[PDB]
Amino acid sequence: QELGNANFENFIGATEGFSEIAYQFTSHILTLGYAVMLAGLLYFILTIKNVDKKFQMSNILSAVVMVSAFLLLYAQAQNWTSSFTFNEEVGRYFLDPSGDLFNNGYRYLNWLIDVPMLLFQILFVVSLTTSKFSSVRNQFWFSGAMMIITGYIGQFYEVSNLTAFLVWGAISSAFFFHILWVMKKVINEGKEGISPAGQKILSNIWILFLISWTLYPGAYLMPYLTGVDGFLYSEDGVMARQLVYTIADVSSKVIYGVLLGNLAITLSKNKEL
Amino acid sequence: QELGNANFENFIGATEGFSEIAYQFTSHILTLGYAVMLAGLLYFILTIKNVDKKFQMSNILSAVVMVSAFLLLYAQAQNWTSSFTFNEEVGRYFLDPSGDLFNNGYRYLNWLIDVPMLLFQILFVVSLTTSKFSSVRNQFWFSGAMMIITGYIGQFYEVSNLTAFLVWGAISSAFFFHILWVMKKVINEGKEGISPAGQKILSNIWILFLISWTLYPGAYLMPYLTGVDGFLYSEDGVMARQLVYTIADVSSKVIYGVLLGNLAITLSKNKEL
Amino acid sequence: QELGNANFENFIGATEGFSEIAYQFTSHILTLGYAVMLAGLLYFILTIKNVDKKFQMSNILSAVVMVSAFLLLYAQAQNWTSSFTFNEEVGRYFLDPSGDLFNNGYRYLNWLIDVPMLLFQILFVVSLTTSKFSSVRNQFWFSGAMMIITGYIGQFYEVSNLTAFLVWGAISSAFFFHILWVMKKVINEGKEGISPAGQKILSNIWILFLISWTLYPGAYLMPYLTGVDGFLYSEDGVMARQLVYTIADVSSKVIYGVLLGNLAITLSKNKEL
Amino acid sequence: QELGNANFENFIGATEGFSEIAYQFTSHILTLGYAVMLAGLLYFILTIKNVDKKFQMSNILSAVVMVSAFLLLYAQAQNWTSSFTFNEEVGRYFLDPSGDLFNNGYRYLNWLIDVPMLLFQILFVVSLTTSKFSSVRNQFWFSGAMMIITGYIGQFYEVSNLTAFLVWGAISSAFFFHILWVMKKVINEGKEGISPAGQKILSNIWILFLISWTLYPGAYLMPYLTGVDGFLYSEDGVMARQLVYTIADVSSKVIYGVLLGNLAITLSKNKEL
Amino acid sequence: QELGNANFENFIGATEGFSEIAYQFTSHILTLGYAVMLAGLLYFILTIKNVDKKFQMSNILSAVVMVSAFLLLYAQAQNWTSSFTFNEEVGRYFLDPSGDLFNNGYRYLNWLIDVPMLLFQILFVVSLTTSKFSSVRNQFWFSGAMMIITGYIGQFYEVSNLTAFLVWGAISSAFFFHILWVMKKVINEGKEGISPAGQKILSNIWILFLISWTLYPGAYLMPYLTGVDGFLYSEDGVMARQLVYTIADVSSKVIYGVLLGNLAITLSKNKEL
Ligand SMILES: CCCCCCCC/C=C\CCCCCCCC(=O)OC[C@H](O)CO
Ligand SMILES: CCCCCCCC/C=C\CCCCCCCC(=O)OC[C@H](O)CO
Ligand SMILES: CCCCCCCC/C=C\CCCCCCCC(=O)OC[C@H](O)CO
Ligand SMILES: *C/C=C(C)/C=C/C=C(C)/C=C/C1=C(C)CCCC1(C)C
Ligand SMILES: *C/C=C(C)/C=C/C=C(C)/C=C/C1=C(C)CCCC1(C)C
Ligand SMILES: *C/C=C(C)/C=C/C=C(C)/C=C/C1=C(C)CCCC1(C)C
Ligand SMILES: *C/C=C(C)/C=C/C=C(C)/C=C/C1=C(C)CCCC1(C)C
Ligand SMILES: *C/C=C(C)/C=C/C=C(C)/C=C/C1=C(C)CCCC1(C)C
Ligand SMILES: CCCCCCCCO[C@@H]1O[C@H](CO)[C@@H](O)[C@H](O)[C@H]1O
Ligand SMILES: CCCCCCCCO[C@@H]1O[C@H](CO)[C@@H](O)[C@H](O)[C@H]1O
Ligand SMILES: CCCCCCCCO[C@@H]1O[C@H](CO)[C@@H](O)[C@H](O)[C@H]1O
Ligand SMILES: CCCCCCCCO[C@@H]1O[C@H](CO)[C@@H](O)[C@H](O)[C@H]1O
Ligand SMILES: CCCCCCCCO[C@@H]1O[C@H](CO)[C@@H](O)[C@H](O)[C@H]1O
Ligand code: NA
Ligand code: NA
Ligand code: NA
Ligand code: NA
Ligand code: NA
Ligand code: NA
Ligand code: NA
Ligand code: NA
Ligand code: NA
Ligand code: NA
């Protein structure tokens, strides 16, 4: 059976198949994912007036990201259940090509919304000092797009061409390091001339950002993090990848948005928190 | 046939199958469930302005839980009708593995929204005295997460390994007892320095909370509450489990939210009821 | 063919099948049903501020019922088209058990929202005199639940056990008569000490309530209202039942809600009719 | 192949089948239809505050009609693609009875919302001089209902019984002429005592109303407007019917609603166009 | 096999089929498309109050376009995955006629919303000088309709009749040039009597408009832009066409709407950027 430039989920599914626990867990974690995003959409809309007018764009951009993430995770939850079907003889779920092959690439192109908007929205809460707004925005958006597109190309080859997978991944990582660099400056400048309570929130935002964003390259490498024929090149690695994505999605989008909202409240003249 | 680590609904469905009443009732009760949650979402949004600004976060968190519960019960309603198909020869509904096995685990991971948010929202209505907000929140969220995850692992073994089922269930129960303990403190402190009308509502909330939350471990054990080859290890137990879930869902999420809203009104300077 | 405890729609569908007109009409009338409810949801939300704050809960409860009725009629519309499939050889639609048997019981459990909320909402518009709010509410909700649950059990036996059908129906009818009794008291007390305009609307509400609610037991009996092998034990009775449900649904939920809104306007100090 | 009392789309589909252009166009025009209605729903809600309070009910009733038309055209768009399936051997789309026969009757029962509400809403913008509001409303609603129900019965016989088709159509046309008569009076009285700009809009509304509403009986007769075995008794007539419906739907519901909104603005003390 | 007047996607799909990358990418880019539009819908609604009342109609018309584009791209995303199915033997996705042939014509008829509304909305932000509002609107709408309808007819013949394809395309292009001419006048008059900041935004809008709108005829010609049996008459051309549509959709609808919003803010007495 030729699968070509397909994600490793399809190779595990076509050879060993998935146990009840592996198949059900992956469905459950994607379902939790899209439920969090629709709940988050409601939260960010309903709390718009908790902050001064100038900060409300951050709530709006959080809502924009919630719409993207809800739609994508809802679609992927259906893609999972469509791509793997129970075999009564062996009692496992095997690749069902009539559902299409499963592909994580759905996430990557939707990041062309998420990444630009997540990076942009902090610039509506913090005030820059030494950095120029337009310059930070342009660097975030350029490096964001390049990081996503190079990684997108890479993940198609995660089984078919390990070399292409690692080279494209390495190129993507360079743009990622640039984003980390710029965001660190933005957090530092944001701390300047605000209450200590605001400064503490920005310290928390930086840690959240660094960990949550690093989880995505972690999900990229997941199948090979225990090397060739390792523990993770298995249904266990399939489960781990979607779990890491869901932790990263909730952390990078919802918790990030909530912390920015809390910062906006502290910076708001009327509001106290 | 080989079903592995699957819920007992699939064993009943694959051996005896379900009568018209058992199959239809389970579909009906899940449909009522998701209808209550979407109706509740509308209620919590439309009543936001019935309470002082400081209490409105409770309405918002109720709405967040309604989104989670609606999405999950809607999905599970479809999962039920997909997993069991009419056999014309015998006139009963039998396991249809092309629909996937039925799994209650969908509920468990979505509780990672419901439980944390339900426990959190009371802290936006009552005032603590001796207990610290952040400390109560952290205990609720840590013990809530551990209770859910341990029970989640357990329910996969409810047929395949009764020992694992009972041990994981027992560990989960310990975290549950801790939650009951902390919530009792919160209700007691909440009663201090408020009107007798408010105190009565908090007394009602405690009883509602204790009964509604205890129904979940009840649903966990349901198939075995009449022992080996008991009355409940049957389509009658399948019906009973989803009925208990729906009573618990409506009670723990909607009625809880309504009572908290009514408490917020009594604590609101402008508002009266 | 063995259908067990199934609604008579399935017996007609499995024996005679449905003509184009019978099949299409039943689909059309259910589609009109769910369209009216979603349109009504929009109407009740958009007119909230047309009445004094104290009356707005009636708009909210109308909206809650609209959500329930929309969801249920939308689901039942799909259930109808799934349960009956065209046979090319004879040119009629026959029972397709792969879609599941058709069951009116979906409506019954959703009445656990509709009935309690419809009975409750009038208590936010009229003022009681001799009766206590909590007492009327409790009687409405207790007798409402018992009426629904006993009728729900009954309708499963409408073909398989005419005796059980009529006995459960009779028990349900007793609870219905109690509801009619309590609602008559509520209307009488509501008329006391209000404008003639208000009194006229309450007279209209009583007639609407009495006729619209009585249509439901009419739908229950429909197949047998022309006796054994009568005109209505046919596709014509199948059509008649869903037509009566749709007239009852629109009358009891939407028109009732509109009249209560109009009553609220007349009782509103700020608002004018 | 026995189709019985079915619309002519099914006879063309079962005999000649549909070319790529005929099948795709019909799908496209229904898709445009439902898109216009959901976009219109948003427009009528967002512009509510552009007119004086007394005129806002017209926006609300426009929104109500948008909900009905969106739901119906969305359902019919799916019904079209379900009822006709590609035959690879000849490269045409043929009747697929597993999808159900296609029926325009879906539209007719939903007109029980559209027609009453479209006729009603003008009475919240114009002021009558000779005519009583309640009397005009009752005439519109009675004649609207009778026009719809008689036409609904007729269209089932458009192939099976040309005589029934034409007689029911003729009876329906009588009620239609009554509606045209009453609406002409309403427009004339509406022009009395308003600005010339308002009078011009009402002149436009009358022309729009007369043409857009006459398109519906045009769609009814479409297959036979070129006589027996004429050009229109073909895939070309199938296309023409749905095109005429979509022009009529957009004109009678959206453009009508926009012109009424524009009239309301001119009659509004605060507002100007 | 015989495909008749069908888009070239179906010819590639039926002969060579699509690689994993070609099939998945096309699905991903359409998914991004509809996600951007629903996120944009939320953005345009939530930012309505960021501009003076007189400019808010531009936000409303942006929202209207978002509804159209979301619905269309969502439907087309499903049409793509329905029209091509994995062949296990060769590991490619081939035409699945049971899903219907794929057709870009869905986009064209929905442009009867998008094009008229996009051209109209600028007239609620800029002030004309020498040109009449009604005259510019009428020219936009007439030439817009003719451009769309002629191109719509053309694209059905892109394989079956290259001559019809190029002639209808040429006629469509003439109406397009007229639109470019009128929009240039509108931009010029719009620049008169506004701040240099406003003039810069209008310069950007003109460039965006010219490039984004020209991408549509580019997508029309895509398969033949490398001549007969060129590189683009392939899965690579299929990918390129949907990529160009998505870039054009985001640019012409969302970015255009955002720039108009930014212009409205600069022209707003209360607000500043
Ligand atoms: C055994 C087979 C025969 C069965 C035939 C049944 C006949 C039922 C007739 C009337 C229902 C009256 C029920 C009483 C309603 C109780 C209301 C209630 O529970 O609320 C009390 C309220 O609080 C006050 O203070
Ligand atoms: C076959 C090759 C195609 C040739 C390419 C044609 C391009 C120009 C088309 C039309 C120009 C004028 C059309 C204007 C249509 C009416 C709108 C209008 O100008 O009227 C406004 C009214 O006067 C209120 O002020
Ligand atoms: C802005 C986003 C766009 C990104 C999407 C990329 C898709 C590339 C599309 C077109 C390039 C091809 C231009 C064609 C120029 C070559 C002409 C040619 O090859 O000659 C024709 C042939 O030789 C005579 O028979
Ligand atoms: C919610 C969406 C977010 C925050 C997306 C973030 C995505 C990344 C940080 C992706 C990074 C990658 C690498 C650093 C290397 C491998 C390829 C990527 C794109 C997964
Ligand atoms: C609406 C969601 C709610 C209130 C969820 C509550 C869940 C529980 C209280 C679960 C408790 C469990 C045990 C104590 C033992 C067995 C495993 C669990 C997780 C079902
Ligand atoms: C919109 C929902 C409403 C108003 C539901 C009303 C339901 C009833 C009045 C049901 C009555 C019944 C009987 C009195 C006898 C037979 C069984 C029932 C439940 C259909
Ligand atoms: C959007 C809904 C509208 C405006 C509905 C209008 C429907 C009609 C004017 C129908 C008229 C008919 C006749 C006059 C004869 C044939 C049967 C009808 C019902 C199509
Ligand atoms: C978002 C929708 C937009 C902006 C649509 C624009 C459509 C066009 C500019 C279409 C132009 C065409 C030609 C100039 C020639 C070929 C046929 C068309 C219709 C694609
Ligand atoms: C930085 C992390 C990258 C480490 C690369 C590890 C090389 C993995 O090696 C690969 O493992 C697969 C599954 O085990 C095998 O099927 C492949 O044949 C093999 O190339
Ligand atoms: C704390 C409540 C747990 C009670 C444990 C009951 C033990 C049931 O025992 C189990 O019952 C099943 C169904 O009858 C049988 O199929 C199994 O063989 C048997 O092990
Ligand atoms: C309306 C309340 C009383 C109704 C009782 C009517 C008795 C119905 O009688 C039933 O009729 C069915 C269809 O005709 C038959 O198939 C059954 O054999 C017969 O028991
Ligand atoms: C007012 C318009 C009514 C005209 C009705 C006359 C047309 C009836 O002609 C019908 O045409 C069908 C297809 O062309 C044939 O299949 C039928 O046999 C024939 O009766
Ligand atoms: C202005 C751009 C239009 C250029 C028209 C080029 C003519 C293309 O020629 C066509 O190429 C197809 C694909 O290779 C072939 O299948 C056709 O047989 C051939 O007619
Ligand atoms: Na599956
Ligand atoms: Na598929
Ligand atoms: Na089923
Ligand atoms: Na499946
Ligand atoms: Na069907
Ligand atoms: Na089924
Ligand atoms: Na089709
Ligand atoms: Na079907
Ligand atoms: Na596919
Ligand atoms: Na199909």
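Odds and ends about this structure:
- Distance between region E:26-53 and region C:99-141 - C-alpha centres, whole angstrom: 40 Å
- Amide proton proximity set for residue D:96, modelled H, under 5 Å, gap of 5+: D:84, D:85
- Summary for residue A:204: label point 7 Å along Cα→Cβ; distances to the equivalent points in the other copies, ascending, 3.4, 3.4, 5.5, 5.6 nm.
- Helix C:105-121 axis, angle to chain C major axis (alpha carbon atoms, nearest 10°): 10 degrees
- Shortest first, residue A:193 label-point distances to identical copies amount to 3.8, 3.9, 6.3, 6.3 nm, with the label point at 7 Å from Cα along Cα→Cβ.
- For the options E:68, E:83, E:134, a Gaussian network treatment of chain E with springs between C-alpha atoms closer than 10 Å singles out E:134 as fluctuating the most.
- Rounded to the nearest 500, the 222 nm mean residue ellipticity of chain D from helices alone is -23500 deg cm²/dmol, with -39,500 (n - 2.57) taken per DSSP H run of at least 4 residues.
- Chain A: most fluctuating residue of A:206, A:141, A:181 per GNM, C-alpha cutoff 10 Å: A:181
- In order along region E:137-150, phi translates into HN-Hα couplings of 4, 4, 5, 3, 6, 5, 5, x, 4, 5, 4, 5, 5, 5 Hz, rounded to whole numbers, per the Karplus curve 6.51 cos²θ - 1.76 cosθ + 1.60 with θ = phi - 60° and x for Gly and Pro.
- Of the Cα atoms belonging to region C:179-273, the radius of gyration and Dmax stand at 17.4, 59 Å.
- The Kirkwood hydrodynamic radius of region A:134-233, based on inverse pair distances between different Cα atoms, is 15.3 Å.
- Residue of chain E nearest the E-to-A rotation axis [by Cβ], rounded angstrom distance: E:45, 8
- Counting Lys and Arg as +1 and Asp and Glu as -1 over every other residue whose Cβ lies under 15 Å from the Cβ of residue D:104, the net charge comes to -4.
- Calculated FRET efficiency for the pair residue A:272/residue A:228, C-beta based, R₀ 60 Å, to 0.05: 0.60
- Using the alpha carbons alone, the radius of gyration of region E:8-267 stands to its Kirkwood radius in an Rg to Rh ratio of 1.01.
- In degrees, nearest ten, helix A:256-267 long axis to first principal axis of chain A (Cα): 10 degrees
- Across all directions, the shadow cast by the convex hull of the protein assembly as shown built on its C-alpha atoms averages 50.9 square nanometres.
- Position residue C:273, label points 7 Å along Cα→Cβ, spacing to each other copy in nm (shortest first, one decimal): 3.0, 3.5, 5.3, 5.5
- Applied to region B:44-49, the Karplus parametrisation 6.51 cos²θ - 1.76 cosθ + 1.60 on θ = phi - 60° returns per-residue 3J(HN,Hα) values of 5, 5, 6, 9, 3, 7 Hz, with x for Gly and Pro.
- Nearest-0.05 FRET efficiency for residue E:135 and residue D:52, computed from C-beta distance (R0 35 Å): 0.70
- Spin-label model distance (nm) - residue C:221 vs residue D:214, 7 Å beyond Cα toward Cβ: 5.1 nm
- Per-residue HN-Hα couplings for region B:71-80 [Karplus 6.51, -1.76, 1.60; θ = phi - 60°; Hz; x = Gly/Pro]: 4, 5, 5, 4, 4, 5, 4, 5, 4, 4
- Rg and Dmax [Cα atoms of region A:98-190; Å; Rg one decimal, Dmax integer]: 15.6, 56
- Taking GluC sites (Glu not before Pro) across region E:55-160, the ones in a DSSP loop with at most 16 further Cβ atoms lying within 10 angstrom of their Cβ are E:88, E:89.
- Equivalent-ellipsoid semi-axes of region E:99-138, from the Cα gyration tensor, Å, largest first: 33, 9, 5
Ideal geometry is used to build each Cβ from the backbone, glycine not excepted, and the neighbour counts take in all protein chains shown. Since every read-out is calculated from the coordinates, none of them should be taken as a lab result.
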